[PDB]
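As a plain string of letters, each chain reads:
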Amino acid sequence: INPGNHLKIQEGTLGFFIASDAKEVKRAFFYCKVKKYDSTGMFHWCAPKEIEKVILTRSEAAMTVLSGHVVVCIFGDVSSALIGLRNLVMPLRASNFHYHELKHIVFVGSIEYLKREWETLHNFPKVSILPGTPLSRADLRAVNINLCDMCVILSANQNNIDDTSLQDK
Amino acid sequence: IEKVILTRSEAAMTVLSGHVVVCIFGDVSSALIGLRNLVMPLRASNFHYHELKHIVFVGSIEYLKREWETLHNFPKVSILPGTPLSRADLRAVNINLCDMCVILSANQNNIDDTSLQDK
Amino acid sequence: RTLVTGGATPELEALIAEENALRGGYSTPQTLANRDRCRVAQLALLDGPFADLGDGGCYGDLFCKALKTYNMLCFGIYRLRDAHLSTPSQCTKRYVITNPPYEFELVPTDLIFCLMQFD
Amino acid sequence: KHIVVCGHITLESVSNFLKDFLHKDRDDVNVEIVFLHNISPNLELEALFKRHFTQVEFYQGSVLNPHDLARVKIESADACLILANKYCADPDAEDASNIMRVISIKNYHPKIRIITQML
């Protein structure tokens, strides 16, 4: 994706294009004239961490000034399905970013549900958890949601709910 | 059980040739398949001790602990926990040089699904 | 996948297929040039070097200048809803413009999609 | 005038509403109690509406549809009552449903008077 001034284009490189219709792109062919990184080396890696070193409280979060972060609220419980939160964290920790240019993450959800997915996340850096529920204004203001960069909302029990209508309420 | 529990590192360290592996798909709730009657013909007495085929089990530690009470007296038995579907797990026991591989299904009785049988 | 996942390469695919997880590694002079890839970012044509085209600059002129200056690929525009209307307001919501034509004016309150290289 | 009643309607609930709304000692009863629900009515509700010919009506369709709300013609409604289930296993789901009804109705017409229940 966008190499610059160090690549010479070979024959039949098959570039991708953006245009209105496939007829207009046709004019292109007819031209008239320390373990910080993963083993692969693509995502930052860290030693496994116990969940008690990342579980926070309201006072801990209020002391810990978090700015320029991402808040991912989660609705769920011990009997709901799984979303694969590792699949969400993974694109956000690429080797492209520098270590101090990364984005902090917190989770505002039920710790009992989050146990079932914490075993797939301990290898990632700069992850924090705040137990509670997203509806609590105290919990929302603890993570300084005013200064956040994005506030993702999900729902683990979206599919298996009872009522056909009234979804994601 | 501690004398025979293996790990991936020492499994890679050791060398096994002409052995028999066994995969077990079970847990605590699964019924006793019964495997003493499988180990015994291999640990018979007709052939000599030097020509005896080594056995390594790949299955859940809970099930194997449940069934270990009737198997510990048979010599030259090794165990390796994990899962049989993991490519690294199978690669660690030298499948290529193995004699033959067996696969069982412990919970075959209690599964009642019309499809997905022995998936 | 290689644009939005972060990386979808034969090496990582083979490693994931073999292991089903990831393992920590070590830094080397090789496999560290893999960092050089383009990410996604948004500029701000108010205090940067591109603020001089924020009045009525041509989108294609800005694109060509960005390329010939810093290899700076820009192909999307984030613009306020009532930007077309001259009546001032306090609306924050912004729509998204994909592939602007060359003869395009630039509102001074514009947010521009971008990809940037690695330093 | 006429009022709109939407939500969980069942024989005992509509009886409790009717026997206290259409009592003779309350002289002003000259309002039309139009109903609203998604499922088709059954049981003796039809006979109840039959004997209460000139005082009640009924309609079919959910309350979250603006076309349905236009059909019931609440644009001139004096008020809009709501009946909420109090026997549900989960109290919070029904209460979120009531909030959903309120936001839909207020989005359609932003000045009518609503008297809703809570759990």
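Residues numbered from 1 in each chain as written, not as in the entry; some residues may be left out. Chains lettered and ligands numbered in written order. Part of a larger assembly, values for the part shown. Heavy atoms only, no water.

By the method listed in its record, cryo-EM, this PDB entry was determined to a resolution of 3.8 Å.

Some words on the arrangement of the chains
Contacts between protein chains span three pairs of chains, and they are most numerous for chains A and C. Across all C-alpha pairs, the smallest distance from chain A to chain B is 16 Å, and the two are not in contact. For chain C and chain D, which are not in contact, the least C-alpha distance works out to 19 Å. (Contact = heavy atoms within 4.5 Å.)

Notes on the side chain of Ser30(B)
Relative to the assigned elements, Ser30(B) resides in the loop between β1 (20-23) and α2 (36-42). Sequence-distant contacts of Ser30(B), defined by excluding residues within four places in its chain, comprise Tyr63(B), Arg66(B), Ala106(B) and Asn107(B). (Helix = DSSP H or I, 4+ residues; strand = E, 2+ residues; numbered from the N terminus.)

Here we look at empty space enclosed by the protein
Any empty space left between atoms is shown by rolling a water-sized probe over those atoms. Of the voids in this model, the largest cavity is the one considered here, and its volume is about 50 Å³. Every residue along the wall of the largest cavity is listed here: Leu43(C), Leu45(C), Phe50(C), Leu62(C), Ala66(C), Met72(C), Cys74(C) and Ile112(C). Across the lining of the largest cavity, the residue classes tally to eight nonpolar, no polar and no charged. Here the second largest cavity defines a volume of roughly 40 Å³. Lining the second largest cavity are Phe107(A), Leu114(A), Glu117(A), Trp118(A), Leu121(A), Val127(A) and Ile129(A). Secondary structure elements with two or more residues in the lining of the second largest cavity: α3 (111-118) and β3 (127-131) of chain A. Here the element with the most residues in the lining of the second largest cavity is α3(A); it accounts for three residues. (1 Å grid on protein atoms, 1.4 Å probe; cavity = no way out; pocket = protein on both sides within 12 Å on 5 of 7 lines; lining within 4 Å. Points joined across faces, edges and corners; volume = space filled by probe spheres on them. Nonpolar A, V, L, I, M, F, W, Y, C, P; charged D, E, K, R; others polar.)

Things to note about the pattern of salt bridges
Per the stated rule, a full pass over the model turns up nine salt bridges over all chains. Between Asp139(A) and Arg58(A) there is a salt bridge; the shortest N-O distance is 2.7 Å. Highlighted residues: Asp139(A) in helix α4 (residues 137-142) and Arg58(A) in helix α1 (residues 58-63), separated in sequence by 81 residues. Owing to a relative accessible area of 42%, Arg58(A) belongs among the partly exposed residues under this scheme. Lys65(B) serves as the salt-bridge partner of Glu62(B), at 3.3 Å between the closest nitrogen and oxygen. Taken together, the residues span about one helical turn, with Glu62(B) and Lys65(B) both in helix α3 (residues 61-67) at a distance of three residues. Under the relative-accessibility criterion, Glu62(B) is labelled partly exposed at 39%. For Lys65(B), a relative accessible area of 32% corresponds to the partly exposed category. Connected through salt bridges with shared partners, the residues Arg79(C), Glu105(C) and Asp110(C) form a single ionic network. (Salt bridge = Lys/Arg side-chain N within 4 Å of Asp/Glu carboxyl O. Buried < 20%, exposed > 50% of the residue type's maximum accessible area, 1.4 Å probe, protein only.)

Considerations on a negative patch on the surface
Residues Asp162(A), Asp163(A), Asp90(D) and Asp92(D) make up a contiguous surface patch of negative charge. By secondary structure assignment, the location of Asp90(D) is in the loop between β3 (79-83) and α4 (91-108). Here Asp90(D) falls in the partly exposed class, since its relative accessible area comes to 39%. (Patch = residues over 30% accessible without salt bridge, like charges linked within 9 Å, V, L, I, M, F, W, Y side chains within 5 Å. Areas by Shrake-Rupley, 256 points an atom, 1.4 Å probe, with all protein chains shown as cover. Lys, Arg positive; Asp, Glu negative; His and termini not counted. Charge placed at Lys NZ, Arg CZ, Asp CG, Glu CD.)

Quick look at the sheet that holds strand β4 (residues 150-153) of chain A
Paired through backbone hydrogen bonds, the strands of a sheet run either parallel or antiparallel to each other. Residue and element names in this part refer to chain A. Read from one edge to the other, the open sheet built from four strands follows the order β3-β2-β1-β4, with strand pairing classed as parallel. Looking along the sheet, the strands with just one partner apiece sit at the ends: β3 and β4. Geometrically, the sheet is characterised by an average inter-axis angle of 20 degrees between neighbouring strands, direction not taken into account. When strand β2 (residues 104-109) meets β3, the two strands line up parallel, connected through five bridges. Counted as the bridge partner of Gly109 is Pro131 from β3. (Pairing = 2+ DSSP bridges. Axes fitted to C-alpha atoms, helices over the stretch in contact; angles between N-to-C directions.)

Notes on the interface of chain C and chain A
Counting from both sides, the interface comprises 24 residues of chain C and, opposite them, 21 residues of chain A. In this assembly, chain C packs against chain A so that about 2500 Å² is buried in total across both faces, 55% of it on carbon and sulfur atoms. The tally of links from chain C across to chain A stands at zero salt bridges. Inspection of the chain C/chain A interface yields six residue pairs in polar contact. Taken together, the residues that form the side of chain C that touches chain A break down as nine nonpolar, ten polar and five charged. (Buried area = accessible area lost by both parts, 1.4 Å probe. Polar contact = N/O pair within 3.5 Å; in protein donor to acceptor, adjacent residues only side chain to side chain.)

Some details on unusual backbone geometry
In most cases, non-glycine residues show a negative phi, while peptide bonds are predominantly trans. Residues and elements named next belong to chain A. Look at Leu14: it is not a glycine, yet its phi comes out positive at around 60 degrees. With respect to the element layout, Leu14 can be found in the segment before α1. The exposure class of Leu14 is exposed, given its relative accessible area of 68%. Backbone geometry places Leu166, a non-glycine residue, at a positive phi of 55 degrees. Relative to the helices and strands, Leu166 resides in the segment after β4.

Considerations on the layout of surface pockets
Within this model, the second largest pocket holds a volume of roughly 1200 Å³. For the second largest pocket, the lining is made up of 35 residues, of which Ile161(A), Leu166(A), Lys169(A), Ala93(D) and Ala96(D) are closest to its centre. Within the lining of the second largest pocket, the residues separate by chemical class into twelve nonpolar, 14 polar and nine charged.

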